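**Student:** Chains as they are written, first to last, in our numbering: chain A, 1234 to 1383; chain B, 46 to 188.
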Ligand SMILES: [Ca+2]
Ligand SMILES: [Ca+2]
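#1: Cα-Cα, which of A:1369, A:1307, A:1378 is closest to residue 1249 of chain A?
#2: Thinking residue 1343 of chain A and residue 1365 of chain A are a contact (beta carbons under 8 Å), I'd like their distance in whole angstroms, please.
#3: Do you know offhand how far residue 64 of chain B's Cα is from residue 58 of chain B's?
#4: Can you check DSSP and say which residues form a bridge with residue 1308 of chain A?
#5: May I have the straight-line CA-CA distance separating residue 1323 of chain A from residue 1266 of chain A, to the nearest angstrom?
#6: Tell me the rounded alpha-carbon separation between residue 128 of chain B and residue 67 of chain B.
#7: When you compare the CB positions of residue 1291 of chain A and residue 1264 of chain A, do they come within less than 8 Å of one another, or not?
#8: Enumerate in chain order the residues of its own chain whose CB-to-CB distance from residue 91 of chain B is below 8 Å, with the five nearest sequence positions on each side excluded.
#9: Tell me whether residue 1272 of chain A sits in a helix, a strand or coil according to DSSP, three-state version.
#10: Given a cut-off of 8 Å on the beta-carbon distance, is the pair residue 1369 of chain A and residue 1346 of chain A in contact?
#11: From residue 1287 of chain A to residue 1295 of chain A, what distance separates their C-alpha atoms?
#12: What do you reckon, is the C-beta of residue 154 of chain B under 7 Å from a heavy atom of ligand 2?
#13: Please tell me whether, using a cut-off of 7 Å, the distance from the CB of residue 177 of chain B to the nearest non-hydrogen atom of ligand 4 is below it.
#14: For residue 1381 of chain A, I'd like the list of residues in its chain whose CB is within less than 8 Å of its CB, leaving aside the five on either flank, ordered along the chain.
#15: By the 10 Å Cβ neighbour count, where 16 or more other Cβ atoms means buried, how is residue 55 of chain B classified, buried or exposed?
#16: If the cut-off is 7 Å on Cβ atoms, which residues from the segment 166-180 of chain B count as contacting chain A, listed in chain order?
#17: What is the rounded straight-line gap between the Cα of residue 133 of chain B and the Cα of residue 149 of chain B?
#18: Going by the C-beta, is residue 1373 of chain A closer than 7 Å to any heavy atom of ligand 1?
#19: By the DSSP assignment, the alpha helix (DSSP H) with residue 107 of chain B in it spans what residues?
#20: Which same chain residues, not among the five before or five after residue 94 of chain B, have their C-beta less than 7 Å away from its C-beta?
#21: With DSSP collapsed to three states, give me the class of residue 1357 of chain A.
#22: Given a cut-off of 8 Å on the beta-carbon distance, is the pair residue 1371 of chain A and residue 1271 of chain A in contact?
#23: Since residue 1320 of chain A is in the alpha helix (DSSP H), which residue starts that stretch and which ends it?
#24: Between which two residues does the beta strand (DSSP E) harbouring residue 1348 of chain A extend?
#25: Is the separation between the beta-carbon of residue 131 of chain B and that of residue 1318 of chain A shorter than 8 Å?
#26: Run through chain A and tell me which residues come within less than 8 Å of residue 90 of chain B, C-beta to C-beta.
#27: Nearest to residue 188 of chain B by alpha carbon, out of B:152, B:47, B:117?
#28: Check distances from the C-beta atoms of the segment 1316-1327 of chain A to those of chain B and list, in chain order, the residues that come in under 7 Å.
#29: Taking Cβ positions, are residue 1356 of chain A and residue 1349 of chain A nearer each other than 8 Å?
#30: Between residue 86 of chain B and chain A, is any beta-carbon pair separated by less than 8 Å?
#31: Is it the case that the CB of residue 111 of chain B approaches a heavy atom of ligand 1 more closely than 7 Å?
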């Protein structure tokens, strides 16, 4: 039971669940551990990715399913990093790396993630990720030079 | 007095000082509010900028004054954001934009800053910034 956990640990578990969900992702189970109005933010705004609802994130996942296979998604905290928890603000900050096998190659970058939970600290209300814009523009470019469906 | 403030507010003020120091930066006063062993980290590692001591930061500040004039440095939090403070870990996280005027170009980008203070919450022990790598590489190539 999450509510038996100390608030600090509860926030970390609930924030961490985002990466476990992505690691075990199945279209038949969808995005779990989120509030109905949870929003995903992609920083910086200069990258041009608009804020997205649970449903819009689902549509992105469904869309890329048809264009590229995704396998072996892996998320880990950068070694030596510790979760930054602001209990009063229901916020958790991780320093993260994400790995995945996309089509014929490796996706792998480094991120800042900022989670915000509901008042109870049991569901994610907002996910924000600051992204490696040079890497992501390059990935997007190679993606555009690729035949849809491989 | 800083030790008169509650820790949360003292951590924010110590973290915030970094940007006020940058805004009024003067070679003859240098980098204030930092422990002597303070380290500036520039994320992501893929950007290829190595960690720097107080003195290596001053060196870079000095080396840039000869190539281009910098004026009207302004730092502000992204509206709607709040400082994220982890009292136990002496950590503060800001969502920031930074503005400056160079050899007639505007510099302006959005960042995450992560500050770590000393145990008293009076001085900066570490500053980490996650930068906009597409834009910072452009900028660095333009020079
Ligand atoms: Ca990478
Ligand atoms: Ca910019």
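Cβ coordinates follow ideal geometry from the N, Cα and C atoms, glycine included.
**Tutor:** So, from the data block:
#1: Counted from its first residue, the first chain places residue 1249 of chain A at position 16. Measuring from the Cα of residue 1249 of chain A, the nearest candidate turns out to be A:1307.
#2: Position 110 of the first chain, counted from the first residue, corresponds to residue 1343 of chain A. Position 132 of the first chain, counted from the first residue, corresponds to residue 1365 of chain A. Yes, residue 1343 of chain A and residue 1365 of chain A are in contact; Cβ-Cβ is about 6 Å, under 8 Å.
#3: To locate residue 64 of chain B, count along the second chain from 1; it is residue 19. To locate residue 58 of chain B, count along the second chain from 1; it is residue 13. Their backbone Cα atoms lie some 10 Å apart in a straight line.
#4: Here the question's residue 1308 of chain A lines up with position 75 in the first chain. The beta-bridge partner set that DSSP reports for residue 1308 of chain A consists of A:1331.
#5: On the first chain, residue 1323 of chain A is found 90 positions in, with the first residue counted as 1. On the first chain, residue 1266 of chain A is found 33 positions in, with the first residue counted as 1. Each residue's alpha carbon lies about 15 Å from the other.
#6: One-based indexing of the second chain puts residue 128 of chain B at position 83. One-based indexing of the second chain puts residue 67 of chain B at position 22. If you take the alpha carbons of residue 128 of chain B and residue 67 of chain B, they lie about 18 Å apart.
#7: If you number the first chain from 1, residue 1291 of chain A lands on position 58. If you number the first chain from 1, residue 1264 of chain A lands on position 31. Against a cut-off of 8 Å, the Cβ pair of residue 1264 of chain A and residue 1291 of chain A comes out as a contact.
#8: If you number the second chain from 1, residue 91 of chain B lands on position 46. Same-chain partners within the cutoff: 178.
#9: Within the first chain, residue 1272 of chain A is the residue found at index 39, counting from 1. It is a strand residue.
#10: Position 136 of the first chain, counted from the first residue, corresponds to residue 1369 of chain A. Position 113 of the first chain, counted from the first residue, corresponds to residue 1346 of chain A. For the pair residue 1369 of chain A and residue 1346 of chain A, the CB atoms are not nearer than the 8 Å cut-off.
#11: The sequence position of residue 1287 of chain A within the first chain is 54, counting from 1. The sequence position of residue 1295 of chain A within the first chain is 62, counting from 1. The straight-line gap from Cα to Cα measures roughly 12 Å.
#12: In the second chain, counting from the first residue as 1, residue 154 of chain B sits at position 109. Yes, ligand 2 has a heavy atom inside 7 Å of this Cβ.
#13: Among the ligands modelled here, namely ligand 1 and ligand 2, ligand 4 does not occur.
#14: Counting from one through the first chain, the residue named residue 1381 of chain A turns up at place 148. 1299, 1300, listed in sequence order.
#15: Translated into positions along the second chain, residue 55 of chain B becomes position 10. Buried, by the Cβ-count rule.
#16: Residues 175, 177, 178, 179, 180.
#17: Taking the second chain and counting its residues from 1, one reaches residue 133 of chain B at position 88. Taking the second chain and counting its residues from 1, one reaches residue 149 of chain B at position 104. The C-alpha of residue 133 of chain B lies about 44 Å from the C-alpha of residue 149 of chain B.
#18: Here residue 1373 of chain A refers to the residue found at position 140 when the first chain is read from its first residue. No - ligand 1 has no heavy atom lying nearer than 7 Å to the Cβ of residue 1373 of chain A.
#19: Taking the first residue of the second chain as 1, we reach residue 107 of chain B at position 62. Annotation for residue 107 of chain B: the continuous alpha helix (DSSP H) segment containing it runs 99-112.
#20: Against the second chain, residue 94 of chain B aligns to sequence position 49. Only 87 meet the Cβ criterion.
#21: The residue you call residue 1357 of chain A lines up with position 124 of the first chain. In the three-state reduction of the DSSP assignment, residue 1357 of chain A falls in the strand class, which pools E and B.
#22: The count along the first chain starts at 1 and reaches residue 1371 of chain A at position 138. The count along the first chain starts at 1 and reaches residue 1271 of chain A at position 38. No.
#23: The residue labelled residue 1320 of chain A in the question sits at position 87 within the first chain. Here residue 1320 of chain A belongs to no alpha helix (DSSP H), and DSSP marks it neither H nor E.
#24: By one-based count along the first chain, residue 1348 of chain A stands at place 115. Segment 1338-1350, the beta strand (DSSP E) holding residue 1348 of chain A.
#25: Position 86 of the second chain, counted from the first residue, corresponds to residue 131 of chain B. Position 85 of the first chain, counted from the first residue, corresponds to residue 1318 of chain A. In this structure, residue 1318 of chain A lies closer than 8 Å to residue 131 of chain B by Cβ.
#26: Counting from 1 along the second chain, the entry for residue 90 of chain B is found at position 45. Within 8 Å Cβ-Cβ: 1343.
#27: Locating residue 188 of chain B in the second chain gives position 143, where the first residue counts as 1. In terms of Cα proximity to residue 188 of chain B, the closest of B:152, B:47, B:117 is B:152.
#28: Here the close residues are 1317, 1318, 1319, 1322, 1324, 1326.
#29: One-based indexing of the first chain puts residue 1356 of chain A at position 123. One-based indexing of the first chain puts residue 1349 of chain A at position 116. Not closer than 8 Å, so no.
#30: Your numbering for residue 86 of chain B matches position 41 in the second chain. No, its Cβ sits nowhere closer than 8 Å to a Cβ of chain A.
#31: Numbered from its first residue, the second chain carries residue 111 of chain B at position 66. No, since every heavy atom of ligand 1 falls outside the 7 Å radius drawn around the Cβ of residue 111 of chain B.
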